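Those sequence lines, one after another, are chains B and A.
Under PDB author numbering, residues 882 to 970, 980 to 1277, 1281 to 1323, 1326 to 1575, 1598 to 1826, 1831 to 2078, 2147 to 2396 are what the first sequence spells out, in order.
Under PDB author numbering, residues 2 to 92, 99 to 157, 165 to 321, 323 to 329, 336 to 355 are what the second sequence spells out, in order.
Where a beta carbon is used, it is the ideal one built from N, C-alpha and C, also for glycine.
Notes follow once the structure below has been shown.
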Amino acid sequence: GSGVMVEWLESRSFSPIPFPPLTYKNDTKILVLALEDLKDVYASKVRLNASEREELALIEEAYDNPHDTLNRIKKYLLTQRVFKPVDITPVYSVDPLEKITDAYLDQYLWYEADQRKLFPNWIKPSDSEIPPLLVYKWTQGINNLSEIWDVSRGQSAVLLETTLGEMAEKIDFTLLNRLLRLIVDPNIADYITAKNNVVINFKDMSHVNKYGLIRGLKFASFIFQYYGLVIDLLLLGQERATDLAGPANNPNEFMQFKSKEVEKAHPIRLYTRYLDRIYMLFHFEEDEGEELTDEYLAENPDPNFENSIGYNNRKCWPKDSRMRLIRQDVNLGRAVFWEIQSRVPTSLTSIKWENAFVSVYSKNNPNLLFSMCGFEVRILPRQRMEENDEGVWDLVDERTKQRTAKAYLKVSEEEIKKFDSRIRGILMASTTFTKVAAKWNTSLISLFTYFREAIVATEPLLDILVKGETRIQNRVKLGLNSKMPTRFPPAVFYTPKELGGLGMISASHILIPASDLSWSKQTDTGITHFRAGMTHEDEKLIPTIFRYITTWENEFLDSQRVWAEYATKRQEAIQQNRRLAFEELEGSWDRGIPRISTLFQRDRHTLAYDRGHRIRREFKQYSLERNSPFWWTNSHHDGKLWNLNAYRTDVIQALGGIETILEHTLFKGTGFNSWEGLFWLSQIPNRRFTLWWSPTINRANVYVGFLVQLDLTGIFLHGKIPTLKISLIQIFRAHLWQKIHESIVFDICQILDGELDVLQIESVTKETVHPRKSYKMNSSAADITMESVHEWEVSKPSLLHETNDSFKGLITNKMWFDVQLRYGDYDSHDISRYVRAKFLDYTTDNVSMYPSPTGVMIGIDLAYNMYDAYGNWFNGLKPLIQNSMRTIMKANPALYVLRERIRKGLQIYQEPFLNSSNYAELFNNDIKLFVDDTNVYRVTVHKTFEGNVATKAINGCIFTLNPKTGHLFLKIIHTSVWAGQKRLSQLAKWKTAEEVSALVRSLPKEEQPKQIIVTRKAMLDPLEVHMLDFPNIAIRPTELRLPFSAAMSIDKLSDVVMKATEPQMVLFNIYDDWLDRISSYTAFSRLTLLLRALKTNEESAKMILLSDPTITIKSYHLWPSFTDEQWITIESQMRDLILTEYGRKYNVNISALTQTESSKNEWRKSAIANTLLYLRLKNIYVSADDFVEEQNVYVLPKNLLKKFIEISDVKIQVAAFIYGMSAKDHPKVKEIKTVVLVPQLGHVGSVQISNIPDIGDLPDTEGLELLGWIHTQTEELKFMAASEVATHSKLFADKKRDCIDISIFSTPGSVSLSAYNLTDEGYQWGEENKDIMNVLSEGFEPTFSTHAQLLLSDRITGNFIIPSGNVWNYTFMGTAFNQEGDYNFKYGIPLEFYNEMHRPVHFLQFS
Amino acid sequence: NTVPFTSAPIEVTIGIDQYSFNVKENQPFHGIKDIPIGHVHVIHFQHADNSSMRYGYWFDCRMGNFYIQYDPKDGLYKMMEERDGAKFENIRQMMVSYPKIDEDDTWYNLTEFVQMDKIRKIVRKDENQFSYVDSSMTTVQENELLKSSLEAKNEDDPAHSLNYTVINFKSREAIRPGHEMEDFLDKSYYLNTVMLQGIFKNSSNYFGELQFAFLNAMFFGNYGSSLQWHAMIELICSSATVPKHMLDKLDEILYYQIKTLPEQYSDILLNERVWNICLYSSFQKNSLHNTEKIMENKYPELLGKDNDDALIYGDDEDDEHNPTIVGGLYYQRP
């Protein structure tokens, strides 16, 4: 030990890791990685505990002050050797401040060591691969060993697997320091060894840690693997280790050799170590094997042939398939281990026969066995097939491209037990049904997303899954009722949470019974039913997770494919001097490991410096008490490796769709017609869950033997279901059942009294009934009796909606009505069947006294909000009762109460929300105002590289609109309203509320709204409070996302807002005069379309409105005077724009019609577009990195940037020179004072600028340094493009090399400024490569350009120099342009790209 | 003192104060004696035949001699007062003795401020000195709001309405004209001037109604009572200006209420929104030391203190409590 490391490290020429320099290039990035990792733990949690918060606040400080922290940290590494004590619980809590230097050291070391190739290819875990992929690679690699499966000549392969016992625990600090000094600066070494040598507190005892690595330190992973390498070297020896690693100037990939002869030259073909688990694959010819065995049997004779006893084997496999204990193979196994064990001092680690498995492949042993990262693996070569379809890998010979072997997989016994204990733990806890479901789900997903196809081959695990799922169900059932149910609807378990179910994920065979697939809907015209018997489709099972996770094999084969494809696409793009666009990969984005998507994440250039990230994630087990079950993949590096959305979709569909699912719940009871998706890591309380599903849980098919009727109602209770009785009592409180009945009967009486004449009614009598009659569920009496003027001819009995009556049934002069109420359950809520049966039962009753043989039973199901009626009709009566029930069911105030209390009990949540459903009422005669407060409190933001955010308020407005008339009351909110005030975002709402109620006050009763609809929910309380004097004005929320915020994209509105100097009310018609030609409804749809477009893509939408400059906006209008025919086009264009931009964001092409909410030289187009460029100035991003005071800082005045962008072009690069001078007493601070617009010929990806302008004649030009140039571009790059380099060099190589390039990425929405220096290599290449027009070219290097430091400031202002002729844009005067020209210049105002000086004149109409 | 039962015709779970026991059809149960004379008490009923609601009678043994009698006509156990003193004194070991007072003195702590004469103004039934409550009774406030929101008027029995003090945070009573925002965000005026000084006169009477609400909520699962209890808590917590002794006394009062609350009713009783607001964001978020501790202990899930489950299925809409960002200048890596 250490001798081996010395020989190895010198053999590798290893370059020790220095102490981190004061100006360490990466120190910044290394620090953020370290702190992000430190915060991570708090990403999950909402309410912090004290120390959780106190810790977090520490890290944020560290982050908020980088370079301070760096200097603290390097100080402690340099000098600190005593430390705080460490608490343990084994998990270690290390003083928060120490952890910073420690996590910082962790990252620095892994980065530098990775750069220096310290850890050879065999050491795992590797950032290279997730663990299942290691196991796959390792099995393929075995298969691809030259001749490996040949047993022609009595060859043998041997796979030794064992654990390096107590490796961490016996680390000796003096040895460790010596070892470290071989690889790191001695001060880092001393830090590290000292940091292990600290007091550990447990229970009440503390004790100084004298030896043993403390696995909880954040750099422990590094130590542990370095130490492991010492042991690898003993096991392997220098020569074979050298064969394996390859030459340090050309290292081998894992398992790869330089030639076939080196592969075969030593019996050790392959080696790998996963932390403290070693794997060694030997190959022997028959002679070498026997040789080795005899040597072994000499030391350790086995006369009686006992060596098979205590010979570890793999029990998870069938007897024929595990290793056969043939004496020769058993002695070889023991001999291989004996040899291996002898190579390592027991002071380093304990290697014991008892913790080893040695699998021998031979002529007598056709299977090779190992266990790795939770997987049991068994390799069977085709040739040995004689000697089978689940959890199998096809092992392909790479040379022949033929399948040569199968690898069989199972989940290891240990991992089966761990999963079993997780489930038993869930059941055995201290909980909400949903929480128990969510724990089940987490465990299931954690199991499936890791073990994948291995699971289906592991029958004991399949059994545990099924038993576990049943027990989860059983726990929910027992919570629902002592008694335990006859059968139970799977909808309640497997329906997703959004629909109020537990959202369990299944692993079991679950029938969805046909009887659970019925649903119904009440329409205006009648009641429609669905049942399973009506269709001839498949019998429904609950989908199971099995089929929703792609096998590892398919992931890995597809990853090979899409990464080869990527390489090829990248090559091809480079061949055309292009960078690969992400759109070309669209379609492999969610493929690959890593996912192809990772190539285009924003944080990518930084993640590049995060090394050791795999082992770091795994070691978190030692320093955090609760960690992700997904310890083996990291989504920043790996992307997302599963997606279970199709599962949710498929379960809903299997359960019969939304319609079917909701028929099992109290949804129809709420009185909502349509699902929209609105209950609320949040749980459903058991009370609520119980209520929601009550119609399917509280029914005789689920519980029997305990049927009672709830006092004061007609509700039946089928057992003591916890919480349900009280929920229901509360819903029907204060005799609501009886009151509903009375109220409905009263309504019918009223309606009848309005039809005395039309129907020859003499009198209508409202009977008086026993107090409990409405809920006597087994007899009845008439509620209304009705006298004929003369006589009625009536039908025999028929249902309310049956259409074809014959009035030849009976003569009568007395008709009764009996209003029946019922509270249906899932089994029985067919109101048509119910009223027919009750009618026919009760009218042939000898206990129900009806007062004549002719009448009508009306029925209302209060749980399902459905109704029907059955009995005798005379002409005119059926349509009256039809219409009456239609109106009663909508309007009855007692039914209203019922539905609100149901909604309350369900915590659905109140005036009715505005909705697609009731949308149309906006345009009735009820006066209504929308209020949108979105633009009331508006700010501009300044954020510096630190994270400091200053906002400043600008003028805002209240948007109050009459959607019927188009009248817009625009209350301007001047910034003075905010002066000296605090809590402005809250004040804003109250100020809005105040201003609206004042507006309402100012209108005469005539015009005062009946309703005010607020676009945003936080306006509800303030406006209700401010509208207490107007109790009859309803304040309504809306779920609709109305696009009124985009009102400030309408110039004439912006303009009056931004110009106002005090408070002001401005009145507009936002419909202009559209209502002369169209409806309110149509005007509003048009308005909404227009504002949606402006919101979705201001520039494109304003382009559309601005196309024809002949079509203008009247002085008293907001919009252009289009024709009807033109509005049709315009509208269609905005429909497209929205959905273009929607497909341009979500990647969709074209889909289902559900809705939502001459040729050449068209410079004219781009000239209109250019007038919109100023909008992009609203978001200005400046490329920035950690201030280095050693370097210059370049200051661009705001006003010059403003003007530059205004004069630039949407497609064509525009360029100018920048001049300035260092401030007074500040050499490093270079202020830009002048931009020189120069004759130029622009292009999409480049610009021909004329040469450095001679300006010595103009005044003030004494002093002015040439600083470089500034240009627009339409590609976003992190470096100077090949064409920029070519241009920069040409300008500056021979004249002033310190000239910078300010590049401006101009795009709809924003400008992004980057400043660069160009290296001398940069300049060299530029000389060689003139007039380059592309982003790339042969020889080009991003590293040609380096970051320059750029500031914007509005404290200083600049001016312009222009060509004396005023012209600079020579697009349309190409031939006249000469780039080697010697032009003259004057101070002045640069014309815009398509000014008239720059382009062809446009013929107008002699007004 | 003693409450005899004439008999026990039907099977019923009987409660007295925080105690409970089952009685069987025609069990020889002859009532309860040695009842601690200091307090108000409640004797309550749920019939073994799950068809009944919870119902009960609040009384004070000092105010008379009271006994229970089944009424087969109405089908419930009824409290009555024995007018004839000697007649009662006539009306052995099946008369069970009320238990020895626990170490907590639980009932007193739940009823410290509760007074029979206050009960009797909330539950209005003049002829009786005891008070009948059940699960279904609405509040005068709810009854008022209904008609407000809104031939045969024929009354409801006023004795079946709980006449709790009307508390409505969005009412003219709560919000002085010209002080809309002030009074809505800080309810100190409504608490101190309108309630404490106007209606209740003192903190004892406030606490009495609060304690009575709670206990009706707990024993009867009465909706209006759980509401009233929460509203009276929220009114204090939402006030920046509260008498110091009220805050100290409230902490203890709530502590005992939450201590005695049976787990199996907590779902129904506790209001997640109110408890989160009061404890973590209100003016009095720091003031309820002992209540915060016991709540965080018994009911962390309710308070988001369950310290982490995997996003299964893999959106955002813009935020009302920030300014609308028109634009900015942003220094950052590319």
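Listed along chain A, the residues sitting closer than 8 Å to B/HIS1947 by beta-carbon distance are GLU194. When B/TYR1743, B/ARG1739, B/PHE2294 and B/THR1761 are compared, the shortest CA-CA separation from B/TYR1751 is found for B/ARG1739.
Non-local C-beta neighbours of B/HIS1652 in its own chain, meaning closer than 7 Å and more than five positions away in sequence, comprise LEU1629, ordered along the chain.
Neighbours of B/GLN1600 across chain A, judged by C-beta separation under 7 Å: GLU315.
As far as DSSP is concerned, B/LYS2035 takes part in no beta bridge.
Taking a Cβ-Cβ threshold of 9 Å, the residues of chain A close to B/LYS1535 are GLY329, in chain order. Taking a contact to require three or more Cβ pairs closer than 8 Å, the segment 2156-2173 of chain B and the segment 2297-2314 of chain B qualify as touching.
DSSP, read as helix, strand or coil, puts B/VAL1025 in helix. According to the DSSP assignment, B/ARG1159 belongs to the beta strand (DSSP E) that extends over 1158-1164. Spatial neighbours of B/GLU888 in its own chain (CB-CB distance under 8 Å, excluding positions within 5 residues in sequence) are listed in chain order as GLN1128. B/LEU1288 has its alpha-carbon roughly 6 Å from the corresponding atom of B/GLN1030. Taking the C-beta atoms as reference points, B/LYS2187 is found nearer than 8 Å to B/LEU2341.
Look at the beta carbons and you see the segment 49-56 of chain A not touching the segment 2382-2396 of chain B: under three pairs across the two are nearer than 8 Å. Closer than 9 Å at the C-beta level to chain A, one finds these residues of the segment 1851-1866 of chain B: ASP1854, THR1855, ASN1856, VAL1857, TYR1858, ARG1859, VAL1860, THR1861, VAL1862, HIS1863, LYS1864, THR1865 and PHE1866. At a cut-off of 8 Å, the C-beta of B/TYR2170 has a neighbouring C-beta in chain A. Interface annotation for the segment 1326-1340 of chain B against chain A: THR1326, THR1327, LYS1330, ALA1333, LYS1334, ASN1336, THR1337 and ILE1340, criterion Cβ-Cβ distance under 8 Å. Exclusion of the five residues before and after B/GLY1534 leaves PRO1489, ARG1490, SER1492 and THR1493 as the residues of its chain whose Cβ lies within less than 6 Å of its Cβ. Here the alpha carbons of B/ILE2207 and B/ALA1967 stand approximately 37 Å from one another.
With respect to the 8 Å criterion, B/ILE1775 and B/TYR1784 are classified as neighbours on the basis of their beta carbons.
When CB distances to chain A are screened at a threshold of 8 Å, the residues of the segment 1638-1661 of chain B falling below it are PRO1639, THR1640, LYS1642, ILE1643, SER1644, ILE1646, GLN1647, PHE1649, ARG1650, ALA1651, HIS1652 and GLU1659, in chain order. Per DSSP, the continuous beta strand (DSSP E) segment holding A/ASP72 begins and ends at 67-72.
In the DSSP annotation of this structure, B/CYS1263 is not part of any beta strand (DSSP E), being labelled neither H nor E. Counting only the Cα atoms, B/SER1036 lies some 15 Å from B/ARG1296. The continuous alpha helix (DSSP H) containing B/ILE1643 extends over residues 1641-1648.
Interface flag for B/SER2295 against chain A is unset, since no Cβ pair is found closer than 8 Å.
Cβ proximity to chain A below 8 Å picks out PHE1623, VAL1625, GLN1626, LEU1627, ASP1628, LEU1629 and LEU1634 from the segment 1623-1635 of chain B. If you check each beta-carbon in the segment 916-943 of chain B against every beta-carbon of chain A, the ones closer than 7 Å belong to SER925, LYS926, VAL927 and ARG928. Among the residues facing chain A, B/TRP1911 is included, as its CB has a counterpart in that chain under 8 Å away.
Per DSSP, the beta-bridge partners of B/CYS1878 are B/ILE1893. Between the C-alpha atoms of B/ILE1422 and B/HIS1718 there is a straight-line separation of about 9 Å. Listed in chain order, the positions of the segment 1921-1947 of chain B with a beta carbon within less than 9 Å of a beta carbon of chain A are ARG1937, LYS1938, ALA1939, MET1940, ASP1942, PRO1943, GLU1945, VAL1946 and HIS1947.
Contact annotation: B/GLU1704 and B/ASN1730 have beta-carbon atoms nearer than 8 Å. Counting of Cβ neighbours within 10 angstroms places B/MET1979 among the exposed residues, the total staying below 16. Of all residues in the segment 2151-2168 of chain B, those with a C-beta nearer than 9 Å to a C-beta of chain A are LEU2166, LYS2167 and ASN2168, reading in chain order.
Interface with chain B (8 Å Cβ-Cβ cutoff): A/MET101 is excluded. Taking C-beta atoms under 8 Å as the contact rule, B/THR2276 and B/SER2235 qualify, at a distance of about 7 Å.
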